[PDB]
Every structure is written in C-alpha cells, then in structure tokens.
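Structure first, then comments.
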Amino acid sequence: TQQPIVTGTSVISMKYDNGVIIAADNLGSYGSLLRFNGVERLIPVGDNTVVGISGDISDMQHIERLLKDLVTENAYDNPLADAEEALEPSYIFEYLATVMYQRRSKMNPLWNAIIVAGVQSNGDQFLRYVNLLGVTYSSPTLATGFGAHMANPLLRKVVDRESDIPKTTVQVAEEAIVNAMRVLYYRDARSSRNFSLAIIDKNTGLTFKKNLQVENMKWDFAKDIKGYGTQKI
Amino acid sequence: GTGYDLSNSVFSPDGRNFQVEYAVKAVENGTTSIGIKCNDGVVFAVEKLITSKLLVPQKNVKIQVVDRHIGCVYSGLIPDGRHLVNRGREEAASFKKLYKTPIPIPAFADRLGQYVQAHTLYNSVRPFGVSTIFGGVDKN
Ligand SMILES: *[C@@H]1[C@H]2C3=C(C)C(=O)C(O)=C2[C@@H]2O[C@H](CC[C@H](C)/C=C(\C)C[C@@H](C)C[C@H](C)[C@]1(O)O3)[C@H](C)[C@H](O)[C@H]2C
C-alpha cells in the first residue's frame, strides 16, 4: 500500500492492417513539478514486442529489470531462443499480468497501467492492457490514464471495430497516433511535447522512433482573447 | 585401521580428502572438453559421443550460457554440471540485481569456487563429479 511518486502520463496505441503502434511522451512528473525530461516509457522486448508503461517510475524501472531477466532466462538451454522459442508478446503479457495481479493480491501493487503491443509469430497483432489492479482488456485502440479520455475518441474514429483493422494502414495509424499526442499535449497538464513512438509490423519489423515532437500547434487565436467576460483591451 | 575414504569431509592421515579424489575419477572418465583464450575472447569446445544413430544430431547441447556473456562446458557427470550451472545462474542474477553491472568473470569464478568447495565440507553431501571450463568477456 503505497502512493506513486515520480509518474508517467498516458500510453496510447492501436492496431492497423499489418501490426501495432504504440506511443508515450518523455516526462517523469513529480506531482506538479515537471521534473524529468528524457524518460523512455516504451520498453522494447525482443524484435516483436513493445511494453508501454505509465504510473510510478520506480515501479516502471523494476518492471524494466524484470523484462531484461525474462530475455536472459528464456535464452538459457534454448537453442531456439532467436527462432521458434523467442518470447512472444502474448507470453510477456501473461507474465506481467500475473505479476500485477499477485502484487494487488498482496496489497502491495506495482502502481502502473501497462500496454503490451507486438506481433505474434503467426503474424497476428497483439494489443492488451493490464494495470495495478491486474485488470486486463483488449480493444482495437488502447490508451492509459488521460489518454483513455481524449486519445481513444480520436483513435476510435479511425479504427472503430475489428473490421476497420484490415482497412487501416501504417501511414493512417501513425497519423492518428501523432494527432492524439498533439491533443493530449494541449490539455494534459502532466504531458510533454517530446515523445517516443513504436511501430511493430509483421513485414517491416520493429521501428523505434525517439525524440519526436508535437507539430503544427495552433496558438494564434490566443491574441484575440481578452478579459474573462466584459473587458475590451 | 582405515576407511578414511568412506565419508566426504574426512582428512586421511596424509591430509587428503579421498572422496574428492574419487570424484576426479568420474571426471577423468568423461568426454573431453576444452577452452582456449584468444586475444579478445574465449572459445569452448567439446566432444559428444554418438552412442548411436538414434541421437538427434545437433540437439543434445552440452555447452551452457550463464547470464549473457559467460560460457561453461564440463566433463564428468552431466547432471552435476547442470546443477553447477543452475547455481551459477542464480549467482549472476543476484549480482546483477544488486550491482546493475553483469558479473565480472573473476567474481563469477569464485562464486562457483565457493559453492563447489562447500561440497567438500560435510559428509551429508557428495563432491561435484565435474571439472568445469568456463569464462567470457568483461569490463577488462
Ligand atoms: C477529426 C475527427 C476527430 C474526432 C475525435 C471526431 O470525433 C470526428 O468526428 C472527426 C471528424 O473526422 C472526419 C474524417 C474521419 C477520418 C476517419 C479521419 C482522418 C482523415 C484523419 C484523423 C487524424 C482525424 C481525427 C480522428 C480528428 O482530428 O479527430 C472529418 C475530417 C471531420 O471534419 C471531423 C469532424
């Protein structure tokens, strides 16, 4: 029984025709103090999986070290570690989910919302969420914290039910994701301009873009706003 | 009277632990395995006897990885070797957990060294029936 100290805000994600995209900004907040500026919250595991993490950063770092250990351990006495016996996103997910639920059951949670994105060995897209309660769910789009409220509505405009997945391209998914980071930066006081984004594609592999920026920011109209009601200049 | 050899941690009158000496015999009886240090790394190799056509080729791997940067190979009782390696794996995980850096090979050598020594201290255990060649690359 605890309380988050250094925190990461939304992680957002969606699936498209051939894979998944997942994004998260680079801020570690300390309450209202925008304390840390180069925080990576996308964790690549293998070449087929990205784990996006919000909530407590100390706990993030702990999950991070668990994930390194999975890779080490799976490698052991395993001639097929880089082939048929690599880690699948589904395995990494069931592992985290088990851990998260056990830690809520001991009244000592890992204080996070997590999204596992990747592609299964048969090509299938994988997108599933787990949080500090051990609650899990899948949807064509998935977002944590603030993202659930603002990103989902926009991502759901693009992919709205399963049948939209085959119709949606990387260009279009990436556009939608980038757009949502922009909107979240506009209205989430715990968000940053800087973000990482990752595409995991059944043909093109894992693409990991660091140091992205929220683009094309409309602020001009702000000059025509004076007072709070009756003021003229 | 004698019988100094029936029991693991007993000094013979010339100061020897016969049980250890007999464990060496099981090693000597094993497949040959080797290691060569080169000038930026190490190479491990081992002889695997084909008892019969029935053994799937390439499949019964003898060499084992510890952490990400350590190889061990051994001759003697194979299960003993695995047990040594399971311990090595715990031992490197713990070190990495606490100190963040991967275990230096000298550090790692002593961890196996202490554990194997431990198995010459009591008569409730038997010594390891292996010799282990092992190593890898570290910060220096
Ligand atoms: C514009 C979207 C939007 C949201 C959150 C929404 O609810 C909504 O109704 C609109 C409408 O989008 C239309 C095009 C839909 C198409 C699937 C999306 C495209 C071409 C690109 C996305 C990045 C657009 C977002 C989902 C959007 O920014 O959020 C028209 C452009 C309509 O004019 C508009 C009202």
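Here the protein sequences come in this chain order: M and F. The opening position of the first sequence corresponds to residue 1 in the deposited numbering, with each subsequent residue numbered one higher. The opening position of the second sequence corresponds to residue 1 in the deposited numbering, with each subsequent residue numbered one higher. Idealized CB from N, CA, C, for every residue including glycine.
Run through chain F and tell me which residues come within less than 7 Å of residue i, C-beta to C-beta.
{"i": "residue 44(M)", "result": "Chain F residues near residue 44(M): none, gap ~16 Å exceeds 7 Å."}
{"i": "residue 95(M)", "result": "Ordered by position in chain F, no residue passes the 7 Å Cβ test against residue 95(M), which lies about 16 Å from the chain."}
State the CB to CB distance for the pair residue i and residue j, rounded to an integer number of angstroms; the pair is presumed to be in contact (CB under 8 Å).
{"i": "residue 146(M)", "j": "residue 184(M)", "result": "6 Å"}
{"i": "residue 59(M)", "j": "residue 26(M)", "result": "Between residue 26(M) and residue 59(M) the Cβ distance is about 18 Å, and since that is not below 8 Å, they are no contact."}
{"i": "residue 132(F)", "j": "residue 84(F)", "result": "6 Å"}
{"i": "residue 178(M)", "j": "residue 168(M)", "result": "Their Cβ separation, rounded to whole angstroms, is 14 Å, which puts residue 178(M) and residue 168(M) out of contact at 8 Å."}
{"i": "residue 135(F)", "j": "residue 71(F)", "result": "7 Å"}
{"i": "residue 89(M)", "j": "residue 36(M)", "result": "Their Cβ separation, rounded to whole angstroms, is 28 Å, which puts residue 89(M) and residue 36(M) out of contact at 8 Å."}
{"i": "residue 6(M)", "j": "residue 57(M)", "result": "4 Å"}
{"i": "residue 123(F)", "j": "residue 8(F)", "result": "5 Å"}
{"i": "residue 143(M)", "j": "residue 29(M)", "result": "Rounded, the Cβ-Cβ distance is 18 Å, inconsistent with contact."}
{"i": "residue 45(M)", "j": "residue 92(M)", "result": "6 Å"}
{"i": "residue 233(M)", "j": "residue 19(M)", "result": "Contact flag wrong, Cβ pair sits at about 54 Å."}
{"i": "residue 198(M)", "j": "residue 22(M)", "result": "5 Å"}
{"i": "residue 9(M)", "j": "residue 188(M)", "result": "6 Å"}
{"i": "residue 138(F)", "j": "residue 72(M)", "result": "Rounded, the Cβ-Cβ distance is 16 Å, inconsistent with contact."}
{"i": "residue 97(M)", "j": "residue 130(M)", "result": "5 Å"}
{"i": "residue 104(M)", "j": "residue 133(M)", "result": "5 Å"}
Buried or exposed: where does residue i fall if 16 or more other Cβ atoms within 10 Å of its Cβ makes it buried?
{"i": "residue 218(M)", "result": "exposed"}
{"i": "residue 38(F)", "result": "exposed"}
{"i": "residue 11(F)", "result": "exposed"}
{"i": "residue 79(M)", "result": "exposed"}
{"i": "residue 89(F)", "result": "buried"}
{"i": "residue 74(F)", "result": "buried"}
{"i": "residue 102(F)", "result": "buried"}
{"i": "residue 61(F)", "result": "exposed"}
{"i": "residue 107(M)", "result": "exposed"}
{"i": "residue 50(M)", "result": "buried"}
{"i": "residue 34(F)", "result": "exposed"}
{"i": "residue 16(M)", "result": "buried"}
{"i": "residue 154(M)", "result": "buried"}
{"i": "residue 54(F)", "result": "exposed"}
{"i": "residue 141(M)", "result": "buried"}
{"i": "residue 130(F)", "result": "buried"}
{"i": "residue 19(F)", "result": "buried"}
{"i": "residue 33(M)", "result": "exposed"}
{"i": "residue 54(M)", "result": "buried"}
{"i": "residue 161(M)", "result": "exposed"}
{"i": "residue 84(M)", "result": "exposed"}
{"i": "residue 29(F)", "result": "exposed"}
{"i": "residue 227(M)", "result": "exposed"}
{"i": "residue 196(M)", "result": "buried"}
{"i": "residue 128(M)", "result": "buried"}
So residue i contacts chain M; which residues on that side make the cut at Cβ distance below 8 Å?
{"i": "residue 61(F)", "result": "77, 79"}
{"i": "residue 93(F)", "result": "69, 72"}
{"i": "residue 126(F)", "result": "The contacting residues do not exist; residue 126(F) stays about 24 Å from chain M at best."}
{"i": "residue 138(F)", "result": "In chain order: nothing, as chain M lies at least about 16 Å away."}
{"i": "residue 68(F)", "result": "72, 75"}
In chain M, which residues lie less than 7 Å from residue i when you measure between Cβ atoms?
{"i": "residue 173(F)", "result": "With chain F covering only 1 through 140, there is no way to say anything about residue 173(F)."}
{"i": "residue 87(F)", "result": "In chain order: nothing, as chain M lies at least about 13 Å away."}
{"i": "residue 16(F)", "result": "None at all; the shortest Cβ gap to chain M is about 36 Å."}
**Prompt:** Around ligand 1, what residues have a beta-carbon under 7 Å from a heavy atom of it, in chain order?
**Reply:** 153(M), 154(M), 157(M), 158(M), 175(M), 176(M), 179(M)
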